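Below, each value reflects all heavy atoms present in this structure, side chains not excepted, and no hydrogens, waters or symmetry copies. Each residue takes its place number in the sequence, starting with 1.
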Amino acid sequence: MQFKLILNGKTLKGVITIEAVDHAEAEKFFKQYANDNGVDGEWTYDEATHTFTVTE
Ligand SMILES: [Zn+2]
Ligand SMILES: [Zn+2]
């Protein structure tokens with residue numbers, strides 16, 4: 001499956017797409033990915049579009 005993360009940071013913006021075999025695994029990956037980017041934000045998920053957002 002494919003999932004997207006929109007990073008809406010104060011000083012960094014991004015869009016990342018991954019392949020994953022599980023929805024919760026994708027969430028866990030993206031949370032670690034944002035943490036590793038130094039991005040600390042609030043989260044959303046939209047199942048219709050397979051899109052996570054993190055907003056600082
Ligand atoms: Zn699952
Ligand atoms: Zn789905």
### Query
Is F52 close to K31 at the side-chain level, that is, under 4.5 Å between some pair of heavy atoms?
no
### Query
Do you reckon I6 sits in the same ILVMFWY cluster as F30, going by side-chain contacts under 4.5 Å, direct or chained?
no
### Message
For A48, give me all partners under side-chain contact (heavy atoms from CB on, under 4.5 Å), at least two apart in sequence or on another chain.
### Response
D46
### Partner residues of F3 under the ring pair (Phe, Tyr, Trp, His ring centres under 6.0 Å) criterion, sequence neighbours left out
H23, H50
#### Entry: Validation row: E56, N8 side chains within 4.5 angstrom (heavy atoms)
no
### Message
Within this structure, what is the OG1-CG distance for the pair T55 and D40, rounded to the nearest 0.5 Å?
### Response
11.5 Å
### Message
Can you confirm whether more than 12 heavy atoms, excluding those of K13, are under 6.0 Å from its NZ atom?
### Response
yes
### Query
Are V15 and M1 connected, step by step, through hydrophobic side chains (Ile, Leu, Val, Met, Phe, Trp, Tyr) whose heavy atoms are closer than 4.5 Å?
no
### Query
If you draw a 6.0 Å radius around CD in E19, do more than 12 non-hydrogen atoms from other residues or ligands fall strictly inside?
yes
### Query
Rounded to the nearest 0.5 Å, what separation is found between the CD1 atom of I18 and the CD atom of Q2?
10.0 Å
### Query
How close do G41 and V54 get, heavy atom to heavy atom, and via which atoms?
CA-CG2, 3.8 Å
### Message
Tell me every residue that passes side-chain hydrogen bond (donor to acceptor under 3.5 Å, both in side chains) with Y33, counting only those two or more places apart in sequence or in another chain.
### Response
none
### Query
Is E42 atom CD crowded by more than 12 heavy atoms from other residues, nucleotides or ligands, each under 6.0 Å away?
no
